[PDB]
Amino acid sequence: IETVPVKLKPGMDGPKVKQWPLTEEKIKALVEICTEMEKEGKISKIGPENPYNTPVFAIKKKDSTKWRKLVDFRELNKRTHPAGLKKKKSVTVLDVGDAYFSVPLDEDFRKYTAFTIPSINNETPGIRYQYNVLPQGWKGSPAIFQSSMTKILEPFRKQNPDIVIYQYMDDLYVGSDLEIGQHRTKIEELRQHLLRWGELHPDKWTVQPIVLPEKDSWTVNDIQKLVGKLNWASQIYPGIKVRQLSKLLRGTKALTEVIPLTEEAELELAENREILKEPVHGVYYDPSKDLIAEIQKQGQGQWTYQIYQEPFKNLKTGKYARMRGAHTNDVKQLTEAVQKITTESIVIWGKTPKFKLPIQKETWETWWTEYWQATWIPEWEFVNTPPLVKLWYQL
Amino acid sequence: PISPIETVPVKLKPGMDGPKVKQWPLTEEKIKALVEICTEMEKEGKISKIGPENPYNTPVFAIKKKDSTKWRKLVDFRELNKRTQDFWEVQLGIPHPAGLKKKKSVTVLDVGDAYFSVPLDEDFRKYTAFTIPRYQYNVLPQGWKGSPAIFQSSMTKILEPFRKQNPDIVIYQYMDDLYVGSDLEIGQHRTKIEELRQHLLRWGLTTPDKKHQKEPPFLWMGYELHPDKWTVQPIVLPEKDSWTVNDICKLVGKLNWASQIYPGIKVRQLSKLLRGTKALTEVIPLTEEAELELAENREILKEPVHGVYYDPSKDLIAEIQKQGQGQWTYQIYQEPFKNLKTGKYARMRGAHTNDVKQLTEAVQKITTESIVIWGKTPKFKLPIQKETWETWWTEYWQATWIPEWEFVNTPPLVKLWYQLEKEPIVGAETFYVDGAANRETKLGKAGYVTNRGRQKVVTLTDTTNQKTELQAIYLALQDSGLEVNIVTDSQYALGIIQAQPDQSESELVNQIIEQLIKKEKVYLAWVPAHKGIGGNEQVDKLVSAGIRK
DNA sequence: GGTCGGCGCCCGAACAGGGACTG
DNA sequence: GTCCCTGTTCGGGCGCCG
Ligand SMILES: C#C[C@]1(COP(=O)(O)OP(=O)(O)OP(=O)(O)O)O[C@@H](n2ccc3c(N)nc(Cl)nc32)C[C@@H]1O
Ligand SMILES: [Mg+2]
Ligand SMILES: [Mg+2]
């Protein structure tokens, strides 16, 4: 098969990211997979004259002694849409990375796919390989496998025009309004289709509005917290007014003193309860800008998010509620969170969002791979937030 | 011999050209050994004589070896290195004896003149020109940037058949140093060892018997490995009476290196003595606490200590224990009072922090280091109350976590030193605080008003808006009683104080912490600034006087 | 004395990010 | 924007190994 020439963006050198400590089982699975991938000619050992490196690890999927190798290609991906899919009852995600392995990679570009397997207690220098085929996890892999995949899926689509088949990185999203069961059987028909060449519910995705407390008594303190939350929200909803509630405070009251809600105050508050129901105005998705996702920990396995692009122009605001046990793993919850949110952002826009994680960076990187399950890795950065925004999206 | 292994292709940086540095003044004994080397290497094909078609030169020199009898022929390629292409280093860290499994039979051995047994790339050999008081390298020179990485890559390529056909002999491979373990009887062991020396020879790699250790205690990587214990080779501390920045550095380095088997080492005070300096030579007076820290470390180092080896059958355990001033010591064992290794964590991450954040940071450090050495995570023994941890990761807005652990009553115990109420206190005086400061003059004010009529305004000089905000909080803490409600409009201060710190680089915040520990109920509330909400409004008119508008 | 690479620690310099401020 | 404060990274010195 002929090879497509590929080049980096101008004035960018390839990636030079150090490989981070793997665990014994992750290393052993990586080495098994890698020796068989060398036996099959997909990868070739390389030396230290290649100065490019991208990290590598591996994941275990649920209840199957199969491991999956993950290359962290986002640094390289940097250097290189079916809007009805959000509307299907059932949506299955299929892994189809193996397919890329059947197409060669531009030789000029293989030195950029370079990666190093580590070894326990450094028994051994890093063992380095580069890719001969298209790699699982790279931006260009589906780009090039384009025409091949439109061919492969022509007959299945023509046969089932009410189905949606989206592709992003190593994943294929198949969505249909079929019954559960008929849906699954159609999916098995698609798997049998793919094996001739060689579970989500978007209907039930809800936005979480900002909501105001309902009380019978109001204290100086409750009203200051209300006015603060409204003052902030006015930056999203300009219809928010706080005149009357404010004027009720006027003067140097003790936090615990109770204030009674004047008629104008109670009406301003009910009108502001309304205004927070109308959706946000003037928020259009820009494909040429990055999606940004902020995640707040509200405690009790409660995690709120907003996806936006321009500040205050929230494309979506959501929440993610898990087990409130005494054995809650906050990191585990966070990664599960960011994976769910990345799925939403892909299904809705076909783009991954850059995350603003509430976590010490070291804490994140130590564990976050222990709980990953998806074939892509979204960008992220770490924040040191005030619980102001935290207090605003509370419930 | 010269390995018939293919030479790693090496180029230079675009638009660069070889070194043209000329020899420096050289003692003879060095030149005598230089020529005695150079000529035997020329005999062996390791350096080849060049003429004037080669415009390049680089300084050479020599040093004694660990032997101290022989000589290391070093070249000074600062310029060539600056101009050679970039590599990807393959040495990813140092092996640690505490990640050695118990083997029935062991050998350590070292390779005969190793760099000089591996072929440089021909098209590059020219920039390796030198003149002894004119040759070029046909092998790997010492002092060149690419020689480590290249050697190590290569040595791995070579050993790869042996490891493939002998997957049950473990070969720890640092530079040319090889530790070899097997579960065979000593007889069959030495058989497999001779088989490996034969393999290395086949690739042109001699294992001089002079460095072929057959009996314990195997000297390896700075340790002595006995069959069931290991220990670090003896450590000697600098015992000056006037210390300088460099005397200090080497002292802390010896200490840090010790801390890996000597539990309890402490370096924060000494290290703090290094703050602000300029040159290596600045002599500096030991403070009484640095002096005493040194005393107790010295006291520690006199005792005997040894690690054991790693059993994968047993669990890994890390226990952590607290010293002062954000210092922490941990011990990783598998079986009580049988240290696999020890350590210490002291890093100060944050302007403000508390013992609980530091403990978690320590846990992360140990987890990453355990993964490196043994590939798995230890179970923990930690001096923090299951309740203190539940409360903490309850209220704290950041994701945070600690793998499987258990409490151990080993004072000092870790606790949060105070707590902020969730709801405002009935009967507690309510302080509306604020500060403001002028950007040109650096003049400001900070103060409060209270629902009970009191109001105070303090002037400050050479201050900052944030500083004034903290000053007003501090004031309010100073003048209130054992219960007080505080309302500030400075999410910076709120953000510090909710975090529940107990140490701060800032003195203001330390005074603030002292106050917060003294009280019995504090409630700290926020309101948006400059929005006419009493009595934020009154205090803001109070401090904005003379310093704003 | 004077070279190289890796890792550790520790410090300081140079960044990036975000909140409060002036007329 | 400027100023202020927090965080991260990167490079400098020492240590340790070859
Ligand atoms: C591989 C390897 C070796 C092994 O050491 P060795 O101390 O065993 O020396 P050797 O070459 O093996 O000779 P022998 O063992 O017969 O005495 O490490 C390297 N080495 C060591 C010190 C040293 C330095 N001060 N600067 C530089 Cl840039 N490289 C250095 C090169 C040497 O080849
Ligand atoms: Mg040697
Ligand atoms: Mg203010």
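Numbers on residues come from counting from 1 along each chain's written sequence, not from the entry itself, and any residue without coordinates is not displayed. Chain A is the first chain written and ligand 1 is the first ligand written, with later ones labelled in order. Each side-chain value is derived from all of the structure's non-hydrogen atoms; neither hydrogens nor water enter the calculation.

This entry, as listed in the PDB, derives from X-ray crystallography and reports a resolution of 2.73 Å.

Asker: I'm lost on the interface of chain B and chain A in this one. Help?
Answerer: How large an interface is tends to be reported as the accessible area lost when its parts come together. Listed per partner, the contact involves 73 residues of chain B and 65 residues of chain A. Summed over both partners, the accessible surface that disappears when two parts come together, traced with a 1.4 Å probe, is what is meant by buried area. Here chain B meets chain A over a buried area of about 5800 Å², counting both sides, of which 57% is carbon and sulfur. Of all residues in chain B, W88, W397 and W401 of chain B bury the most surface against chain A, accounting for 15% of the area lost on that side. Salt bridges are defined by distance alone: a side-chain nitrogen of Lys or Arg within 4 Å of a carboxyl oxygen of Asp or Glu. Between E362 of chain A and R349 of chain B there is a salt bridge, and its shortest N-O distance comes to 2.6 Å. A 3.5 Å cut-off defines polar contacts: any pair of N or O atoms within that distance qualifies, except that in protein one atom must be a possible hydrogen donor and the other a possible acceptor, and neighbouring residues in sequence count only when both atoms are side-chain atoms. Taken together, the links from chain B to chain A amount to 28 residue pairs in polar contact. Only heavy atoms enter the contact rule, under which two residues are in contact if any of them lie within 4.5 Å.

Asker: Just to check I follow, could you spell out the protein's contact with DNA strand D for this structure?
Answerer: All names here are of chain B. To be near a molecule or strand, a residue needs just one of its heavy atoms within 4 Å of it. Looking at DNA strand D, there are 26 residues lining it, with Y174, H352, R439, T464 and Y492 nearest. Close to the protein, within 4 Å, the atoms of DNA strand D belong to sugar or phosphate groups at a rate of 91%. Contact distances for DNA strand D include 2.8 Å between a phosphate oxygen and a side-chain N or O atom of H352. Within the side chain of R439, a nitrogen or oxygen atom sits 2.7 Å from a base oxygen of DNA strand D. Elements are defined by DSSP. Helices are runs of H or I of four residues or more, strands are runs of E of two residues or more, and each kind is numbered from the N terminus. Where the surface near DNA strand D is concerned, the elements lending two or more residues are helix 5 (245-258), helix 10 (465-479) and helix 11 (491-498). Element by element, the count of residues in the surface near DNA strand D is highest for helix 5, at 6 residues. Under the grouping applied here, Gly and all other residues not named as nonpolar or charged are polar, the nonpolar ones being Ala, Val, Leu, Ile, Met, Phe, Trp, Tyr, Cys and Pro and the charged ones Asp, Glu, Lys and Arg. Looking at the surface near DNA strand D residue by residue, the classes come out as 9 nonpolar, 8 polar and 9 charged.

Asker: Is there a simple way to think about the protein's contact with DNA strand C in this case?
Answerer: Neighbouring DNA strand C are 36 residues; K18 of chain A together with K30, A62, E89 and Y174 of chain B lie closest to it. Considering the 4 Å shell around the protein, atoms of DNA strand C inside it are sugar or phosphate in 72% of instances. Contacts to DNA strand C include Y174 of chain B, whose side-chain N or O atom sits 3.0 Å from a base nitrogen. Here a phosphate oxygen of DNA strand C sits 3.2 Å away from a polar atom, N or O, in the side chain of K344 of chain B. Residue assignment for the surface near DNA strand C shows that the elements contributing at least two residues are strand 2 (60-64), strand 3 (71-75), helix 2 (78-83) and helix 6 (268-272) of chain B. In terms of residue count, strand 2 of chain B provides more of the surface near DNA strand C than any other element does, 3 residues in total. Its residues assigned to classes, the surface near DNA strand C shows 12 nonpolar, 11 polar and 13 charged.

Asker: What should I look at first to understand the packing of aromatic side chains in this one?
Answerer: Two aromatic rings, taken as a pair, are described by how far apart their centres are and by the angle between their planes. Each pair of aromatic rings taken from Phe, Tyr and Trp, with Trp reduced to its six-membered ring, is defined by centres within 6.5 Å and is described as stacked if the planes are under 30 degrees apart, edge-to-face if over 60, and tilted in the remaining cases. Scanning the entire structure with this criterion turns up 42 aromatic pairs over all chains. Aromatic pair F87 of chain B and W144 of chain B: ring centres 6.0 Å apart, planes at 80°, arrangement edge-to-face. A residue is classified by how much of its surface remains accessible, and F87 of chain B, at 10% relative accessible area, is buried. Note on exposure labels: buried denotes an accessible area under 20% of the residue type's maximum, exposed denotes more than 50%, and partly exposed covers the range between, all computed with a 1.4 Å probe on protein chains only. By relative accessible area, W144 of chain B is classed as buried at 4%. Both rings, one in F124 of chain B and one in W144 of chain B, keep their centres 5.2 Å apart while their planes meet at 35°; by these two values the pair is tilted. Of the aromatic side chains, those joined through ring pairs into one cluster are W20, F57, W364, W368, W372, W376 and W380 of chain A. Any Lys NZ or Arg CZ found within 6 Å of a ring centre and within 35 degrees of that ring's normal is scored as a charge over the ring. For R202 of chain B, the ring lying beneath its charged end belongs to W203 of chain B, and the centroid distance is 4.2 Å.

Asker: When you look at the side chain of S147 of chain B in this model, what are you seeing that I'm missing?
Answerer: Residues and elements named next belong to chain B. Relative to the helices and strands, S147 resides in helix 3 (residues 146-165). In this structure the side chain of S147 is engaged in a polar contact, spanning 2.9 Å, whose partner is the backbone oxygen of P141. If near-sequence neighbours (up to four positions away) are discounted, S147 is found in contact with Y115, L140 and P141.

Asker: Where do I start with the coordination of the magnesium ion (ligand 3) in this structure?
Answerer: A four-donor tetrahedral metal ideally has 109.5 degree angles, and a six-donor octahedral metal ideally has angles of 90 or 180 degrees. With water excluded from the atoms, a metal site may look incomplete; its donors are any N, O or S atoms within 2.8 Å, or within 3.2 Å for Na, K and Ca. Within the protein, the atoms that donate to the magnesium ion (ligand 3) are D434 of chain B (OD) and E469 of chain B (OE), at distances of 2.3 to 2.4 Å. Linking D434 of chain B in strand 20 (residues 429-437) with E469 of chain B in helix 10, this pair joins segments that are 35 residues apart in sequence.

Asker: Can you walk me through the coordination of the magnesium ion (ligand 2) in this structure?
Answerer: All names here are of chain B. Protein coordination at the magnesium ion (ligand 2) comes from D110 (OD), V111 (O) and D176 (OD), with a distance range of 2.2 to 2.5 Å. Any coordination sphere not matching a tetrahedral pattern (four donors, all angles between 85 and 135 degrees) or a square planar or octahedral pattern (four or six donors, opposite donors over 155 degrees apart, other angles between 65 and 115) is reported as irregular. Classification of the site at the magnesium ion (ligand 2) rests on its 6 donor atoms, whose angles at the metal span 68 to 167°, yielding the label irregular. When sorted by exposure, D110 lands in the same class as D176, which is buried.

Asker: Help me understand the nonpolar core, please; the structure alone is not making it clear to me.
Answerer: The tendency in soluble globular proteins is for nonpolar side chains to be buried side by side. Nonpolar cores were defined as sets of buried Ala, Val, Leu, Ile, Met, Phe, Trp, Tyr and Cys residues, with membership established by side-chain atoms within 4.5 Å. In this structure, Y173, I295, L334, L357 and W372 of chain A are the most contacted members of the largest nonpolar core, which totals 83 residues. No other element matches helix 8 (residues 330-349) of chain A, which puts 9 residues into this core. An automatic or database domain assignment supplies the residue ranges for each domain. A domain split of this core shows at least three residues from each of domain 1 (143-203) and domain 3 (291-392) of chain A. Discounting residues that sit within four places of it in the chain, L334 of chain A has contacts with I295, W303, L357, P358, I359 and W364 of chain A together with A399 of chain B. In this structure, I210 and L249 of chain A together with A428 and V539 of chain B belong to the second largest nonpolar core, which totals 68 residues.

Asker: Which parts of the structure should I look at to understand the domain arrangement of chain B?
Answerer: All names here are of chain B. Taken as a whole, chain B is organised into domain 1 (28-225), domain 2 (243-301), domain 3 (317-407) and domain 4 (429-543). Between the C-alpha centres of domain 2 and domain 3 the distance comes to 24 Å. Listed per partner, the contact involves 13 residues of domain 2 and 12 residues of domain 3. Summing both partners gives a buried area of about 970 Å² for domain 2 against domain 3, and 50% of it is carried by carbon and sulfur.

Asker: What exactly am I supposed to notice about the pairing of strand 11 (residues 291-299) of chain A here?
Answerer: Along a regular strand, successive side chains alternate from one face of the sheet to the other. Residue and element names in this part refer to chain A. Where burial is concerned, most of strand 11 is hidden: 8 out of the 9 residues are buried. In terms of strand pairing, strand 11 meets strand 14 (residues 353-357) through 4 bridges, oriented parallel. Looking across to strand 14, one finds that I292 is bridged to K354. Pairing between strand 11 and strand 12 (residues 302-308): 7 bridges, direction antiparallel. Directly across from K297, in strand 12, lies its bridge partner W303. Strands pair, by our definition, only if DSSP identifies at least two bridges between them. Where strand 11 folds back onto strand 12 in an antiparallel hairpin, the turn is made up of 2 residues, including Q300, whose phi is positive at roughly 65°.

Asker: Where do I start with the pairing of strand 23 (residues 483-488) of chain B in this structure?
Answerer: Residue and element names in this part refer to chain B. For strand 23, the buried fraction is high: 5 of the 6 residues fall into the buried class. The pairing of strand 20 with strand 23 spans 4 bridges and is parallel. Counterpart to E429 in the pairing with strand 23 is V484. Note: strand 23 against strand 25 (residues 521-526), 6 bridges, orientation parallel. Note that in strand 25 the partner of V484 across the bridge is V522.

Asker: I would appreciate a short explanation of the sheet that holds strand 6 (residues 127-131) of chain A in the present structure.
Answerer: Across a sheet, strands are paired by hydrogen bonds formed along the backbone, either parallel or antiparallel in direction. Residue and element names in this part refer to chain A. The strand order across the open sheet formed by 3 strands is 1-6-5, and the pairing between neighbours is antiparallel. A strand with exactly one partner marks an edge of an open sheet, and here the two such strands are strand 1 (43-45) and strand 5 (115-117). Neighbour-to-neighbour, the strand axes of this sheet turn through a mean angle of 40°, independent of strand direction. Sheet topology note: the strand 1/strand 6 ladder contains 3 bridges and is antiparallel. Bridge pairing links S44 to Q130 in strand 6. Only the stretch in contact is used when a helix axis is fitted, and all axes are lines through C-alpha atoms; the angle between N-to-C directions ranges over 0 to 180 degrees. Relative to strand 5, helix 1 (residues 24-39) is tilted by about 125°, and along the sheet it contacts strand 1, strand 5 and strand 6.

Asker: For this particular structure, what's the right way to read the site of ligand 1?
Answerer: Residues and elements named next belong to chain B. Surveying the vicinity of ligand 1 reveals 14 residues, the closest of which are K65, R72, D110, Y115 and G143. At a separation of 3.0 Å, an oxygen atom of ligand 1 approaches a polar backbone atom of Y115. Computed by Shrake-Rupley with a 1.4 Å probe, the accessible areas treat only the displayed protein chains as cover when residues are assessed. Taken by itself ligand 1 offers 640 Å² of open surface, and the protein chains cover 74% of this. Class assignment for the residues of the shell around ligand 1 results in 6 nonpolar, 2 polar and 6 charged.

Asker: Just to check I follow, could you spell out the packing of helix 10 of chain B against helix 12 (residues 507-518) of chain B for this structure?
Answerer: Residues and elements named next belong to chain B. Running from N to C, helix 10 and helix 12 point in directions that differ by 25°, and their axes come no closer than 10 Å. Considered as vectors, helix 10 and helix 12 are oriented roughly parallel to each other. Crossing of helix 10 against helix 12: the hand is left-handed. Residues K467, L470, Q471, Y474, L477 and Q478 of helix 10 lie in contact with helix 12, whose contacting residues are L508, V509, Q511, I512, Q515 and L516. Grouping the constituent residues of the contact of helix 10 with helix 12 by class yields 7 nonpolar, 4 polar and 1 charged. Oblique is the label for every angle not falling under 35 degrees (roughly parallel), over 145 degrees (roughly antiparallel), or within 65 to 115 degrees (roughly perpendicular). With the far helix as reference, a near helix turned anticlockwise by less than a right angle produces a left-handed crossing, and one turned clockwise produces a right-handed crossing.

Asker: Before we go on, may I ask you to explain the pattern of salt bridges in this structure?
Answerer: It is possible for side chains bearing opposite charge to pair when their charged atoms get close. All chains considered together, the criterion is met by 62 salt bridges over all chains. Note that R79 of chain A is salt-bridged to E75 of chain A, the shortest N-O span being 2.8 Å. Taken together, the positions of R79 of chain A and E75 of chain A, both in helix 2 (residues 74-79) and 4 residues apart, correspond to about one turn of that helix. For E75 of chain A, a relative accessible area of 21% gives the class partly exposed. Several salt bridges share partner residues, and in doing so they unite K361, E362 and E365 of chain A together with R347 and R349 of chain B into one network.

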